[PDB]
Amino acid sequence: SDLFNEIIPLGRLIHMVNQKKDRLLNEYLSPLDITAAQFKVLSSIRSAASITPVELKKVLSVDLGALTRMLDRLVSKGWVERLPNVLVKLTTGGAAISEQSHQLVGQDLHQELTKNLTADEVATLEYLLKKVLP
């Protein structure tokens, strides 16, 4: 709590808290040699069903090159398949691992993130974060 003495801007706070989330993800996901970054790519493909690398790049806001490397690794692991249109989609086993991740990682991440918060502080934080998104 040099943080409460000091005035840190909101954008910086959002960044730091997102770093903390990603470190916690990386820890809980570690039992599948899947990174937080790979996890997000898988989730994005899951919700889109099928999606261009070009379209995926745009949804994720990351470099096209860096994403091709990500997609290479995820195909080698059998979690993603490349189809003729290019279009990337989840394998049946990448669907499994997406499913296992979410069940493995939720609750735990929520409880570690909110450990210092009151129940109503959690509800307020969630409320106000939603208000930023419109």
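In case it trips you up, residue 1 is the first one in the sequence shown, and so on.
Visitor: With respect to the deposited sequence, how many residues separating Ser61 from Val62 are not represented by coordinates: none, 1 to 3, 4 to 9, or 10 or more?
Guide: The entry has no unmodelled residues between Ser61 and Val62.
Visitor: With reference to the PDB entry, specify whether the mean Cα temperature factor is higher for 22-30 or for 61-69.
Guide: Stretch with the greater average CA B-factor: 61-69.
Visitor: Name the higher of the two by mean Cα B-factor in the PDB entry, 42-50 versus 71-79.
Guide: The entry gives the higher C-alpha B-factor average to 71-79.
Visitor: Which of these has the highest Cα B-factor in the record: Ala96, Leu109, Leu56, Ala37?
Guide: Result of the comparison over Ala96, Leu109, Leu56, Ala37: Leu56.
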